[PDB]
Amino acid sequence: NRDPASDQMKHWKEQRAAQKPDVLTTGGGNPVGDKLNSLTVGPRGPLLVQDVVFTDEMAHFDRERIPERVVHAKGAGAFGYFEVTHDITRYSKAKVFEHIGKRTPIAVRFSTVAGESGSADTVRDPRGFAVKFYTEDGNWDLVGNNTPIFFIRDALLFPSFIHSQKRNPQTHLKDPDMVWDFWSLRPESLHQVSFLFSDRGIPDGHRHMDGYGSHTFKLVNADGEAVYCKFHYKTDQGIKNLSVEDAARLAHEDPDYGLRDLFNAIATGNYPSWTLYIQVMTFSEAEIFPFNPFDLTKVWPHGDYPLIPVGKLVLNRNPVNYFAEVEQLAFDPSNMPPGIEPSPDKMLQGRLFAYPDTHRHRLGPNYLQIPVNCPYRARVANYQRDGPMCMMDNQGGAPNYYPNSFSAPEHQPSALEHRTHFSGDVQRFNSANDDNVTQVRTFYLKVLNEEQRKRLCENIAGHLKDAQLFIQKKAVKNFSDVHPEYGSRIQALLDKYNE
């Protein structure tokens, strides 16, 4: 016998006991008599528009594909839940953290980034780790990566970035000249660049990796007090990466490696877990931080801000229909229930917009009306109506303007966004030179040993080599700024690759 994976269609007909098979039908529910031989005038004559069975199917077939994620197209998914094992109600008053043992059902999706839908899992790229919490207050999406930091700190340079990583407008090939001209001119990436070309670059599956909310957020307690926080949900399966070697063999032996490793893990019953933590920084402590507490290209050293365990993330159910439940999902950072709010983290401020923006496009206006995306542990109610493909509903014949004198939905002041005071002019404030080295240096010669320190200078040079020379220096320079040796090793290697 094979693995639970391949034995899919197998484990399907079985459980289907001896119950006869459903009756093939058209979308209209008309029982199809013969769906193998099209209607034709004569055995060698043309086809009639009359074969609606055919028309009905081909028509549906011609419209399956929808736009793939603008980023993170390739990924895996599965559901499970979250459970409380610590009390942090002092910090946030969210319903998901209510009492201890408070298990909220979740939905998570792993994925790559730069590659398309046909791409393989096993390759150097950050990883998409987004959780969908279904809470009585509504849904809460923690759209996070496998790291607490990203490459850029101003949303505006993101589209340009994603481009710099994806194909060339003309050749449609991957273009290093682009990948590095951008990185080179934007040293802020330094930090997250180094993390990428580290060993973590390619985990073993989606399980032996770490999850983070990356950004800085804001918790609020039932007492109206607030404090900035950072979420870290480590892996209980342990950290594990794949040598550039395997990453390549796997790249072709099983392009969907990480994909079926997650399905079998849960099929065989070995459910992947993660222990959720959170750092904590008061506003007072925020004004003090030697750095921008809201800079996405920075971290809060654990020593100065220790981790507090909060919960256990347990994925235990495997998706049935992938399209409907995984590809069709929708993780929107904007979705945050009372007790949780965004920080003025310029990058975070960008996700507040983009996700619902695209979602409406990828899936359509009512993209939340999709089962997987619908917040069922809540009771959506308001003054919104219509839209294409309006399922449900449509919120019945209830009044549609606010305010109204007809007992239609009223607001709840208990969920008012926490009020903070901000002073200063309205201007395009430059964050470019917000120190893109320090924390980086203490990562090259403080977080990594000599072994991986080198594996880095090797990985990087192996790619940089392909970029125009003038580019290489503009890069070596920056790296150097993190530490001379850093740029020395790399540069060296390059020249050897440079013939």
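Heads up, when I say rigid core I mean the largest set of C-alphas that superpose within 1.5 Å between the two forms. Start at 1 with the first residue shown and count on from there.
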Exercise for the section: Taking the root mean square of C-alpha distances over all structures and residues in 7 other deposited structures of this protein, with a rigid core superposition, name the larger of 389-397 and 106-114. Expected result: 389-397
Problem - Positional deviation of Cα atoms in 7 other deposited structures of this protein after core superposition, greater for 18-26 or 5-13 - result: 18-26
Handout entry: Of 412-420 and 182-190, the one with larger mean CA B-factor
Key = 412-420
Handout entry: Mean temperature factor over C-alpha atoms, higher-scoring stretch between 224-232 and 376-384
Key = 224-232
Practice task
Can you pull the Cα B-factors for 406, 161, 133, 291 from the entry and say which is highest?
Solution key: 291
Exercise for the section: Quick one: which of 431, 438, 40, 50 shows the highest Cα temperature factor in the PDB entry? Expected result: 40
Problem - Record-listed C-alpha B factor of residue 56: chain third - result: middle
Practice task
Comparing against every modelled residue in the chain, figure out the third that the C-alpha B-factor of residue 456 lands in (lowest, middle or highest).
Solution key: lowest
Practice task
Using the B-factors in the PDB entry, rank residue 249's C-alpha atom against the chain and give the third, lowest, middle or highest.
Solution key: middle
Exercise for the section: Classify residue 72 as lowest, middle or highest third according to the C-alpha B-factor given in the PDB entry, relative to its own chain. Expected result: lowest
Practice task
Could you tell me which third, lowest, middle or highest, the C-alpha B-factor of residue 118 occupies within its chain?
Solution key: middle
